[PDB]
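Protein chains in written order, with the entry's author numbering: chain C, 2 to 284; chain A, 2 to 284; chain H, 467 to 582; chain J, 2 to 125; chain I, 2 to 125; chain G, 2 to 125. No residue lacks a Cβ here, since even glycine has one placed at the ideal position from N, Cα and C. Read the structure below first, then the notes.
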Amino acid sequence: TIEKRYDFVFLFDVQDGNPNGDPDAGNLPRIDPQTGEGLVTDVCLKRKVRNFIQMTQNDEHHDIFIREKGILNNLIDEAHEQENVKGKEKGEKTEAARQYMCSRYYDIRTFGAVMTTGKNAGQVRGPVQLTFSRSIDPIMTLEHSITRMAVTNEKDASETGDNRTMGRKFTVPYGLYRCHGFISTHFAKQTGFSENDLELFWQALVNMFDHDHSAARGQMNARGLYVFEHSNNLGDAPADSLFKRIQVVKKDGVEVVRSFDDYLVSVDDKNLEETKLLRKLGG
Amino acid sequence: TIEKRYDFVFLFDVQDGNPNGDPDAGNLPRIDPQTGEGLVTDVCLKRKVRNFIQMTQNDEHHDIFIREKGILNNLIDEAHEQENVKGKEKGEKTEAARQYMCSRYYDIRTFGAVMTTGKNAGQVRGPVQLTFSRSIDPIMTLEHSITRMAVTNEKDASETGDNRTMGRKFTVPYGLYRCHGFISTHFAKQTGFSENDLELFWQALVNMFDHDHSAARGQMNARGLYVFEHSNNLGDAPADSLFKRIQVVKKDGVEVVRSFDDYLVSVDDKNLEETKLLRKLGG
Amino acid sequence: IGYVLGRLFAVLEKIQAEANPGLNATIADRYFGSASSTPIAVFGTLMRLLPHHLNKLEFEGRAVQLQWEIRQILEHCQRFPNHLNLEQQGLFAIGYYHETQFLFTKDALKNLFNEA
Amino acid sequence: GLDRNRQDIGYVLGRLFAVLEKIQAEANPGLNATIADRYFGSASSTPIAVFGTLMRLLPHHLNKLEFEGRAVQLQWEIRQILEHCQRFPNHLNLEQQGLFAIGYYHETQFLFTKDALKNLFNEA
Amino acid sequence: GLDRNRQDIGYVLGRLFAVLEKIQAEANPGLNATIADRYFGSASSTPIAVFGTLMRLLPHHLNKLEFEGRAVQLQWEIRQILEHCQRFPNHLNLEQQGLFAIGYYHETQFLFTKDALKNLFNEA
Amino acid sequence: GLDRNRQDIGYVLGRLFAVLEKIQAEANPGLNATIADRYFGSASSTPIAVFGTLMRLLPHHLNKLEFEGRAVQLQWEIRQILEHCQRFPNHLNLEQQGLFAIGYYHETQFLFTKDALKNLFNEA
RNA sequence: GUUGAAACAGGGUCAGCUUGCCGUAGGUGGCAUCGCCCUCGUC
DNA sequence: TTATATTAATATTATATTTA
């Protein structure tokens, strides 16, 4: 497990694409409406970190609690087919199952997982908690209407031969989403989330967009990962008094941004060294 | 499947024509609003690739999800008439159909396909992921009003002494669109997108504009295809730090661009030689 | 500002379901979760789908009628709100069902249109 | 239900697009793809994209208007709208995103309310 | 709703085209194809194309103006506009693309507001 | 709004034509067809065509100027303009095409701004 | 001043734990600004 | 479950700055 508590600011941008479509809103990117600023669910970045770990690790102790044919109760019931089939006395059977699901699944060891579901595998909080990613500036979701020269089931096929299903491609012409995240040590103790799993997570945060590309994402990058590693298991400083050190603003004279070169990411590591490290992992 | 993660800057210009008709929400060349920079949807270039492969391969294992007569669920329910007729147990039946139409459709191997439509046949992540091609400099769309010596409909307004239907031919006087694209080996594992499929894709990006010509789009060319072949399945370096290598600017004193000779495509392969191969395929 | 946007969503989805009879993702199934609770997130984009849906209505007069009533609906709307209070997402739902059973009334839209 | 003096750039552009399509749909009422059907998607989001071309395209509709005074009627309210539009915004704000649709349908109502434009013009 | 000192080349050219068509439409009010109907499409996009020819064409409209002082009225505001136009831009920027239509209708309003030009001229 | 040192041959010729017509319209203010009305069309496009004849025609206007010092006033700025005109271009470039109209109306403003020419002359 | 009195809802308890909106799709295909018009009549 | 056909549509404004 980790013995420091981390608070990271993960600035990641989208250049021409849908960082996180709101299923509630067609697929147009999640947006803080009353401020227009974009949003990328914590589960979205946790997903791309999951995809990254499923991509790179390819080994047990770093599984992902996983992709489509991922009936989660199947994995959970795999936990109950272990050393704790009977020997763990239903009360703490779920706790031994938690320890397992944490051992095997880096998803569970790192983020949590609601695995109370099948042969109940407990309820892991997850040391790593990304927040929602609110873009620094209002994403100007472009909603590029596109075309397809093909249709789907011959019920929407044209009354003439000209099949087409134009459809819509929402893109953020640029948004520098800013995801605050918290590696909580107290729950790293619960899941066994180690500094190895944490370095995996930092690699995952930096490289989670180089690999999770879509026609939807267009181009997303990890514009910076400033990790505040506290000395204590506790917090040396309040988390937001740290996150205000990573002040990301649109630069001097940009009406609204179109690239990371339109944002100044001023990092204020001036006095945090009270007892505490700031490591600029990503930027 | 491919084993090296390609990230390519695909610069393509339009000498005088409508690069990507336009938003369909409008039809003047797809622009980025703020910058006025033209956009060409990733799906537009993907269609140029699709048309190139469709004309070139004319082959099984390279079909396309074709043009007008392109009811996609026809081609998907065709996938449920193979070795996986039904014996593939709906869970993995969709995966077997997905593998079948990866193998069969170069389209799907190369670019994904939302095949979860007919007899649901999985979704393909599309190893090759072009992004929205955005022109280096604001495309100065000319919007040439043209005429027709012939009215289309025998409407009320097909009047006595002349049948004319003025109409408008939007055209980019010149614009060097830049298409960052990403070829992910992890998602080429899921389609069988092969090194030969990828050589076909490069041949497509280079030669696909010489074949998809039109009155609307005018003359449009592949001005550069600078691929970065990462040494490994993962990212040898963050994609954008590689796309910054292919820095495209207007030349010294050209206020406005008229041709590729108005664009310094500065390319520095200085330190990518670490483990990247800058394969300048297209220029 | 919640009820009239519920009506707006009802007419929008009626127009879509009138344009595409068999839809797999009506703008309900696709935009409702955020048109009910977050109208600027959606109704700024539902109503770009709207001209196309009206275009696709096989009876262009029906398109005119439905566009007329969405004009009437939206005349009560001065701005899509950033977020709909819990009070009004109930209105949105009530407004949605009110307007959608108004549209699926015998001649209600044809009548209301004809008295203008 | 039309704030003719709203000054909300989304709302004034929606009004402007409503009158633009009113003119197009009075220029030739039998029209396959009105500018709602072909331009609205970006007029609501990228007003600079179309609204330039929408007004290449506007004087020709004003010509095609059969009732030559009706052209003055509609052009006058285009000007009334455009007093409130100091610039076609590059990208319509999200508030303004929705207010464009608001404006389209508010001004479309104002145009299809019987005497409103012909009246309101005569008080100018 | 007219920023007479906007300096936005699109907006000043729109104003200039508005007064140019005002003169043409006061030169001969009965006019099949005003310069809006024949020139606006490029005046809004390619000001060098027309605006040269628009001012071959302008002194002749100023002559055809029945009220010889009205010609001075309108020529004066052409000059007022053209102080803000250091050059007819080759291609109007997209911002300027839209601002040309803005200028056309802003200045057209300013011309069709009753006393505005005759007043504003008399403060010069 | 006048770049007296622009050196853009279209702009300096526009300025030159503006002062030429200023002199003609001060020579005899009651004038049916000023050189704008008869020469501008080519002065803006074919400066060699007219601008030769415009200056056959110029000293006679300077004579007809009632205020004999006003003739010096205007001739001086003709010379100020023509320092920037190394040659009347055969055909005005298209950029220069538009800049001629720019110059006409810039210099026309400069002449019809009250004290400008009489002042600016007195700093020479 | 002989006649319903007195009277607690208390004390307190994270709704949590977490979950890609997705995979992706040409705006197309194309359309003459045209047909034509003394700068004149003359000093 | 139902329902499923076109509203509105006729002119704003319009008279000279500068000139030692």
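Q: Could you name the residues of chain A that C:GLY18 contacts, counting a contact when the two beta carbons are closer than 9 Å?
A: Correct list: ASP43, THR132 and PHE133.
**Q.** Rounded Cβ spacing between A:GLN83 and A:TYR101 (contact assumed at less than 8 Å)
**A.** 5 Å between Cβ atoms; contact.
Q) Under a CB-based cut-off of 8 Å, is I:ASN91 close to chain G? A) Under the Cβ distance rule, I:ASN91 counts among the residues neighbouring chain G, one pair being separated by less than 8 Å.
Q | Unbroken alpha helix (DSSP H) run spanning C:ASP108, endpoints | A | In this chain, the alpha helix (DSSP H) harbouring C:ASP108 covers 107–111.
**Q.** Cβ of G:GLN98 within 8 Å of any chain I Cβ
**A.** Yes, G:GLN98 lies at the interface with chain I (some Cβ there is under 8 Å from its Cβ).
Q. Are C:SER185 and C:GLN130 close, meaning C-beta to C-beta below 8 Å?
A. With contacts defined by Cβ atoms closer than 8 Å, C:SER185 and C:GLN130 form a contacting pair.
Q: Taking C-beta pairs closer than 8 Å, name the residues in chain A that J:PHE41 reaches, listed in chain order.
A: Counting only Cβ-Cβ distances below 8 Å, J:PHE41 has contacts in chain A at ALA26, in chain order.
Q) If the cut is a Cβ gap below 9 Å, which residues of chain I does J:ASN64 touch? A) Residues of chain I passing the Cβ test: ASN33, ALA34, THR35, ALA37 and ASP38.
(Q) Let's see if you can read the secondary structure: which residues bound the beta strand (DSSP E) around C:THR132? (A) Residue range 129–139 is occupied by the beta strand (DSSP E) that includes C:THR132.
Q: Could you pull out every residue in the same chain whose Cβ sits closer than 7 Å to the Cβ of C:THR2, ignoring the five residues on either side in sequence?
A: Closer than 7 Å at Cβ, skipping near neighbours: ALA189, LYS190, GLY193, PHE194 and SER195.
Q | Reduced DSSP secondary structure (H/G/I, E/B, other) of C:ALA114 | A | Per DSSP, reduced to three states, the secondary structure at C:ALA114 is strand.
Q | For A:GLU38, the first and last residue of its enclosing beta strand (DSSP E) | A | Element bounds for A:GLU38: 38–41.
Q.
Taking 8 Å as the threshold (C-beta atoms), are A:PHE202 and A:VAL10 in contact?
A. No, Cβ-Cβ distance for A:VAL10 and A:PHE202 is not below 8 Å.
**Q.** Residue range of the alpha helix (DSSP H) that includes I:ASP38
**A.** Per DSSP, the continuous alpha helix (DSSP H) segment holding I:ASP38 begins and ends at 36–39.
Q) Whose Cβ in chain G lies nearer than 8 Å to the Cβ of I:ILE24? A) Result: empty, since nearest Cβ-Cβ is about 13 Å, beyond 8 Å.
(Q) Strictly below 9 Å CB to CB, what residues from chain J border A:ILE32? (A) Ordered by position in chain J, the residues that pass the 9 Å Cβ test against A:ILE32 are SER43, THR47, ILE49 and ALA50.
Q. Of the choices A:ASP14, A:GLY127 and A:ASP23, whose alpha-carbon is the least far from that of A:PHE171?
A. The residue with the shortest Cα to Cα distance from A:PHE171 is A:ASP23.
Q: Could you tell me which chain A residues have their CB closer than 8 Å to the CB of C:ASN208, listed as they occur along the chain?
A: Neighbours of C:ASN208 on chain A, chain order: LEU235, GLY236 and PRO239.
Q) Counting pairs of Cβ atoms below 8 Å between the stretch 225–240 of chain C and the stretch 264–278 of chain C, do you hit three or more? A) As far as the Cβ criterion goes, the stretch 225–240 of chain C touches the stretch 264–278 of chain C, which means the pair count is three or higher.
Q: Give a yes or no on whether the C-beta atoms belonging to H:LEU471 and H:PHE570 are separated by under 8 Å.
A: No, they are not a contact pair.
Q: Report all residues from its chain with a CB closer than 6 Å to the CB of C:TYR7; omit the five preceding and five following residues, and keep chain order.
A: Closer than 6 Å at Cβ, skipping near neighbours: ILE184, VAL228 and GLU230.
Q: Report the residues of the stretch 67–84 of chain G with a CB closer than 9 Å to any CB of chain I, ordered along the chain.
A: For the stretch 67–84 of chain G, which is checked against every Cβ of chain I, not one residue is closer than 9 Å.
Q) Taking the C-alpha atoms as reference points, what is the distance between C:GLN124 and A:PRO30? A) The alpha-carbon atoms of C:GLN124 and A:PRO30 are separated by roughly 52 Å.
Q.
Short of 7 Å in beta carbon distance, which residues of its chain neighbour A:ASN28, apart from the five on each side in sequence? Order them along the chain.
A. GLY22 and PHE171, listed in sequence order.
Q.
Does the contact criterion of 3 or more C-beta pairs under 8 Å hold for the stretch 96–106 of chain J versus the stretch 52–60 of chain J?
A. Cβ pair count under 8 Å is below three, so no.
Q: Please report the Cβ distance between I:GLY104 and I:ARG16, rounded to the nearest whole angstrom; I am assuming they are in contact, meaning their Cβ atoms lie under 8 Å.
A: That belief holds up - the Cβ atoms of I:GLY104 and I:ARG16 are roughly 4 Å apart, short of 8 Å.
Q: Could you spell out the range, first to last residue, of the alpha helix (DSSP H) harbouring C:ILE184?
A: For C:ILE184, no alpha helix (DSSP H) run applies; the uninterrupted beta strand (DSSP E) run containing it begins and ends at 176–184, by DSSP.
Q | Residues within the stretch 147–161 of chain A neighbouring chain J, beta-carbon criterion of under 7 Å | A | Cβ contacts with chain J: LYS156, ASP157 and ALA158.
Q | J:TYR106 versus A:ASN121: straight-line alpha-carbon distance, rounded | A | For the pair J:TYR106 and A:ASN121, the Cα-to-Cα distance works out to about 40 Å.
Q.
Under 8 Å, with one C-beta from each stretch per pair, do the stretch 541–554 of chain H and the stretch 495–508 of chain H reach the 3-pair mark?
A. Output reads yes: the stretch 495–508 of chain H touches the stretch 541–554 of chain H.
Q. Any C-beta of chain I sitting closer than 8 Å to the C-beta of J:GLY15?
A. Not flagged as an interface residue toward chain I: J:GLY15, since no C-beta distance is shorter than 8 Å.
Q: For C:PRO30, name the three-state secondary structure that DSSP assigns.
A: The answer is strand: DSSP assigns C:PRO30 an E or B state.
Q | Rounded Cβ spacing between C:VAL249 and C:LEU199 (contact assumed at less than 8 Å) | A | Actually they are not in contact, since the Cβ atoms of C:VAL249 and C:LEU199 sit about 24 Å apart, beyond 8 Å.
Q | CB contact check: C:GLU38 to chain H, cutoff 8 Å | A | For C:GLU38, the answer is no, since every Cβ of chain H falls outside 8 Å of its Cβ.
Q: Return yes when the Cβ of H:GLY499 is within less than 8 Å of the Cβ of C:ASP33, no when it is not.
A: If you check the CB distance, C:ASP33 and H:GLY499 do not come in under 8 Å.
(Q) What ranges does the alpha helix (DSSP H) occupy inside the stretch 234–282 of chain C, keeping only unbroken runs of at least 4 residues that lie completely in it? (A) Fully enclosed alpha helix (DSSP H) runs of 4 or longer: 240–244.
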